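If you're matching them up, the sequences are chains A, B and C in order.
Mapping of the first sequence onto the authors' numbering: residues 19 to 565, in sequence order.
Mapping of the second sequence onto the authors' numbering: residues 19 to 565, in sequence order.
Mapping of the third sequence onto the authors' numbering: residues 19 to 565, in sequence order.
Using N, Cα and C, we set each Cβ at its ideal position, and we do this for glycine too.
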Amino acid sequence: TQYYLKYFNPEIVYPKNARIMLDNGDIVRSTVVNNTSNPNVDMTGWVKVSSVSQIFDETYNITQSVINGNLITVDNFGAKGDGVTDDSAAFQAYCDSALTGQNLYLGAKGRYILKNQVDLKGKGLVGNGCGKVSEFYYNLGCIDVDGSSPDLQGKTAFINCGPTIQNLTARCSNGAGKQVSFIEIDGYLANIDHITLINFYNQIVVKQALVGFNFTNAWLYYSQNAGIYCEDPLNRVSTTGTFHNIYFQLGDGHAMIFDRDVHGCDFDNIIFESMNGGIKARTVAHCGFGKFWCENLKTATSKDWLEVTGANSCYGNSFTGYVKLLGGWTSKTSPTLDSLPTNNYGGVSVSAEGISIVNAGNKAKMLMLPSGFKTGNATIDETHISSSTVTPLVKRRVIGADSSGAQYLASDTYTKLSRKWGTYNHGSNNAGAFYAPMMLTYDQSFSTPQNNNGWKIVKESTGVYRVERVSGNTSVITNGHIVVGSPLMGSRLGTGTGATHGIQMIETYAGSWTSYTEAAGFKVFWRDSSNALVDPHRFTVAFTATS
Amino acid sequence: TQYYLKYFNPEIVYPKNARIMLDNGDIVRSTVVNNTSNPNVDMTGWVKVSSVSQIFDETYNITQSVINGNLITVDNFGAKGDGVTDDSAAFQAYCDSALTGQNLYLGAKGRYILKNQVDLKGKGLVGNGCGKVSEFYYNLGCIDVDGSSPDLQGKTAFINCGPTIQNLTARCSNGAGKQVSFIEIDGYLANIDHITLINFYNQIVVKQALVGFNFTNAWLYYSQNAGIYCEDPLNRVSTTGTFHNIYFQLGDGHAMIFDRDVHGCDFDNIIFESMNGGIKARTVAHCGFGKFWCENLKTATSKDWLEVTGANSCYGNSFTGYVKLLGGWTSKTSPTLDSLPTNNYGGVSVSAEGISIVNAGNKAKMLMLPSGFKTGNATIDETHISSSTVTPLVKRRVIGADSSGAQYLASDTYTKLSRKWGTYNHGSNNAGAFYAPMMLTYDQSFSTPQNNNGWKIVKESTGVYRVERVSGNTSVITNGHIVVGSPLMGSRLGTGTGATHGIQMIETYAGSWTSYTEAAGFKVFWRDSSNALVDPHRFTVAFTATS
Amino acid sequence: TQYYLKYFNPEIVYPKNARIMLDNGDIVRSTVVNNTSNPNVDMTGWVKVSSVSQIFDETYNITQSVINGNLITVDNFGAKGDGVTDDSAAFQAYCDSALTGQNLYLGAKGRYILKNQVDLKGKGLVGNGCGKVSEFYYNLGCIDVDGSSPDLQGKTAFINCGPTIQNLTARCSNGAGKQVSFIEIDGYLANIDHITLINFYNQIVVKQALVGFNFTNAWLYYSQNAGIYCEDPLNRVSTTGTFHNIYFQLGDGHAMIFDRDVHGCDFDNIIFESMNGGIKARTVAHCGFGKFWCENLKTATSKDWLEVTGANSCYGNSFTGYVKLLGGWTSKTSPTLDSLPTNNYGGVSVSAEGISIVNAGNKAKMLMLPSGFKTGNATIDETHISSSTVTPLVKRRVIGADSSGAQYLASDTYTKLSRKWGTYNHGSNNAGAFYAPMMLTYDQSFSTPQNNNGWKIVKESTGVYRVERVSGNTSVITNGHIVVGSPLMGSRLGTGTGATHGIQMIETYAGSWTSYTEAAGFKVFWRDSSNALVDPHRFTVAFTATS
């Protein structure tokens, strides 16, 4: 009478809305008229008044039950996040539930211990913060995998991850030597961002091959084998993966290991600090590499920041950010690196160190520096972009000023028949040129006549020599310059006696020279001091095929 | 007596804190003394005890009502997310509510059907996960627009979106041919990231023009017209938009369509897989393009990855990532592409294919490859960076080693008056040089005298010729080398007779040559075998203006 | 009898599950048998039935108390977010609470006023949306710092921020001239993304130095001093910071100020609109700079987009995006900028403007444009990539077509002893060449003999001259070409008389020339018209050391 408490009584008929207590003390309300059912064994016709399905938010005129569908976490399934209790069953219940969405979520605060593998069943993973690598952040929010658990030895803690890993701090405690990896995620369609992973054997285990795989803003500390590992067991070939803003620190192994081939992937703003390896792959093809900061090795003495193991399997790449190398890191991608005859890390390299380009399987490499150019094969080509164009080139070079004081660029000539360098006199307004003539020498001791460009010198008769076209030479001299050189008389060594020359042109057709200054060649006539025709043993001529 | 149930009684005075039931069975509590008001018609002086305003979390000493303000979603407004029920009214109620924040949020799990257009009223859109393109993820969390709804035909499903679209999966079901687009968002200030969009006509409809518009990490599948469409009807000109990590797959149209002009935008790590078009725009100016992976076309046979329609309207760009082309995709931006006289896709292009630079409206293009250089206009210039500097250049080239075994780079000379290539003898420690002299020919059959660089040859008298400066030529010979060539006697063809020459310098001032080896020119004297002066018809001289 | 209300009565023994009212009207339930304790003064053995610890979600069989641990915000601690009430104490309570996780969170809707500094105690900051810069978004969700509050003058509103700032809109109201800054965050390990900051003195205050610091997608408007400020008081040197997708608008000062040194940082897709300064630092070393859009200055007339104050302290950089300059912005990094002898902004610069490379402390700079090349020091070098290789180079140049119509690239020669340019006659199938010979002049008026490449000319006897090797010249002539020039007789000016020459080779060993065409040099013999030996005053020779 002085308090409220009534248990079920089988003699009573409970009207609609009547309230009594279950034997455990919880109040139930009848939802039907003439209720004679015992709510302790049969809840038909009754509801528990302390249930959120019976509590309403008047602002929305909906039950608290509905509002509790806004955000569901592992806490809903009994996870404690208390740094001690194994929450693996709660995590699994979440992933097996009909009520949960695309991703698994952690509660606001908790250090969630996992002593058994969790099958995410295709759900992604969203944590409760991306923290620094310190106990302060682990205590506020993280997944803490128990690496000492026998059931996790040699296994990955999370399998069948969906396309999301984000906003997460996750560590492995007491797993040294137990080969506990963190998470398995498929290579096709992933967004991984804002994560901090601490310890583990492999931190990110990629299944199958990359394609549309995006990875950014990750602090990956103390991995024992790799920060990111992609086996690609079926050799699908990884493509179109992006890896940005990743800090790899104090790992016993590599930053990234691809057992096989990587194509069209992008790597930028990556840090290797005290690792024992950088990025390792069998093949790296048509990938982009931006800025890398490589500082110190954990126990190794020397390591390449990028390690490609296949012969001529590093090609088509863009090494277009500066790679900082400190404390033992080396590079096979620097613009200033000398080329090899084969097995170069093929690609374009652009940084303050230089602008260069090289292919994997050839010695050719060009490098531009502030001073000019360097070549890897002792050769520099100059030609047309079009492979079909067969005109000569003209090079223009600043040599002075015109009368107004503007730069004067002079033009050269390099054809099959002419080598010249232009000039100009702005005082008198006359073009000019410097000449590299054809030179050609007759020597009666030669086994075969010397030939320059289809011309040879032959003796016609005593004292008369033809500088003549050989069979097939249809080229001509047009208004050319002619210089005859010095005679060696009497023998190849020469007696020291002299001779006087004159010339006569050889026409291509009657009147070709007289009228049009076209010639096939020319004759040289040699005479002694008595004006008699004489035969030198050897003499030179120099001539041009144009004016 | 054996249960608890009391309805309102008008004869009773209810004290403060008294509890009774409303006619519907819900308990009310009196908040005032002497309460005689019927709570069924007048709740003044009463509160409903099952309301969250009357439920407390003792940890915080606040009502559940306050806690329910932490996260509000469309579920608060009656959205079912059940794959059947039209939730459009609930979505609209959310956007019209005084209680909701910057963005619209989905509940934890739900496939939210929309059969009518939703006006976001400036709210952004945050989903419940960025999933793969599969029913598994649609069933867990997405917006599912009913493309068969007559009220959505030819319209956009969401209008007036705020500056956020994120963490979202959205599809259009049964909308083939109905031209249903997904969302309209203003071009000024946007962050779009971690989205998956499936079907629709235009997936992202940008209103007005881009500026400060950031778009990343998007899987855009099966669009019928475009993944991203920007009309820019007022021709404001789009600027400063970023488009990164986008996978366009199996669209019937283009990846991106700009009807007008795009300036200063960045595109990187984009995939076109089985599309019918890449990025199309009227003008593309000063944009950055990084890595593209273009593989296969849906029904088209050949498409450019970047399609710019305006004449000379592609200029100032950076094509600085590798563009992979497979299955019909083409490019107008490759470093190795030959230049056109006009309508080039103007910009710098850098990849393993080459390093090149070209302007839109000119044939000039330079390309650096491992082998050396290629030009698009048969010309290569060498000059100063400064347009006012008018000194000559010096080229240095490795030609051997010095006595210590270090590389010896020799210097050339190319001035208005001298062309030489330096050398050095490290055995005797003497500099040397190779010479390209001026050559100049006299021919009495010429209509006008030949002139080289302000010098011509004229007959002074029988057998005496001046190699002399013409009016305005104030340049000089300093300690030069002189070679006289071969005479053609008697006629232009030549008789074949010879002659003997000597020279005499022409001074610039009295003693200039004798004392300072400066000359204006020189005379050539020709004599026959009897030492009498004679006149050749034609002869050559070669000389240098410096030693 | 006609309502439910019973207060505590000390004469009564309350059984387990008995319910009565506290004096305030709240119902309590006995949890123990034989309960005689007054719940108004002693809650042992009682529980409040309206507490969320006594409310259950039957879907999960957990209390609402547990569900309320899923998301905790400042609203849990009494924050009103009403645009008037100071919520600083509530924010501080959140950060001091044992219940909260890594980050501080805002409620769904609220304009949260702060009139006092909040110490985040190492917690990061997560807002309720990243809005546009307008009252519409401030009213829906932001932090609104009261800049008129005396307690905030000259201070930062938030101190000791954790590694996260995201999804946030924050403004300072009425703070003009009060030097109120927004937030202090440590430089080591940060993820800042999707923020909008309005007003403040310094918006982001970085403590210590950058390392693993990632900053993206930020709209930073109206700062009075800087958008981002890093003092680095201990000169630790900032490294490995990324700054992407940042819109700086209408700031009275700079976008970013580093008082000291920055290494290995990346800046990309940044906008300066009506600022009074861009990025300022003492040292910028090995940093990457991508696309910048710089449009207009607030009150300044001219500002560099990048301002590095230290002498030769801008070096090693990559300026590899286009920098748009409008309305007064200038640049010291353009590829077309002329080099200085010192204090260049050192690095590689790549854009549609050109491809260039320069060092800080030297005049050297190379630039490639569509036309060819430009140099900053009037010099262009061509050498090997290897510093130890001492072979000559060969340049190949397109000069025509072969008989099949394919491009023919001809090879040059430039050794210590030979300068030639190759050619080929495809009509007759003969190689050819153009020659730049050594030239060397004898002059009896010279104070010392002229020397070219270890050869000089000396008089042996009347009319006999040796073109001979000097001591140490062990180089040889092999099958060379020889041309003797024109004699100046009788005096340096010349009388005009002539002479006739012949030559004789000088062997290196007996038979060297006769048998193997090897010579040390050659003799020149000069004779008058009566065939008597005579001595010219001066004469030239031209010769080659190879055929």
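List the DSSP bridge partners of residue i.
i	result
A/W439	A/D430, A/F452
C/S504	Beta-bridge pairing links C/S504 to no other residue.
C/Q522	C/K541
C/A419	C/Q425
A/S367	A/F337, A/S374
A/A299	A/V326
A/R189	A/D162, A/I216
B/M61	Per DSSP, none; premise fails for B/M61.
C/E400	A/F391, B/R415
Anyone know if the C-beta pair for residue i and residue j falls short of 9 Å?
i	j	result
B/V255	C/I373	no
A/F261	A/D286	yes
A/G503	C/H499	yes
A/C305	A/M274	no
A/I177	A/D211	no
A/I213	A/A236	yes
B/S446	C/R487	yes
Please classify residue i: does DSSP put it in a helix, a strand, or coil?
i	result
C/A382	coil
B/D356	coil
A/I85	helix
C/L40	coil
B/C113	helix
A/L344	strand
B/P168	helix
B/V51	coil
B/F154	helix
Of all the options the options, which has the alpha carbon lying nearest to the alpha carbon of residue i?
i	options	result
A/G140	A/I403, A/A208, A/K127, A/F307	A/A208
C/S115	C/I216, C/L132, C/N94	C/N94
C/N330	C/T301, C/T466, C/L315	C/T301
A/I403	B/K24, B/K413, B/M386, B/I403	B/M386
C/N448	A/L435, A/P455, A/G450	A/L435
B/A517	B/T118, B/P505, B/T407	B/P505
C/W544	C/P353, C/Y534, C/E536, C/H555	C/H555
A/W311	A/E325, A/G296, A/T319, A/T317	A/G296
A/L40	A/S48, A/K34, A/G418	A/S48
C/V224	C/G96, C/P181, C/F266, C/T187	C/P181
B/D100	B/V408, B/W473, B/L132, B/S429	B/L132
residue 7 of chain B	B/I417, B/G520, B/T431	Since the first residue of chain B shown is 19 and the last is 565, residue 7 of chain B is not available in this structure.
B/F290	B/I45, B/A299, B/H272, B/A303	B/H272
If contacts are defined as beta-carbon pairs under 8 Å, then residue i and residue j qualify, I think. What distance do you get, rounded to the angstrom?
i	j	result
C/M293	B/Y453	Contact flag wrong, Cβ pair sits at about 59 Å.
C/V198	C/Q171	7 Å
C/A537	C/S530	7 Å
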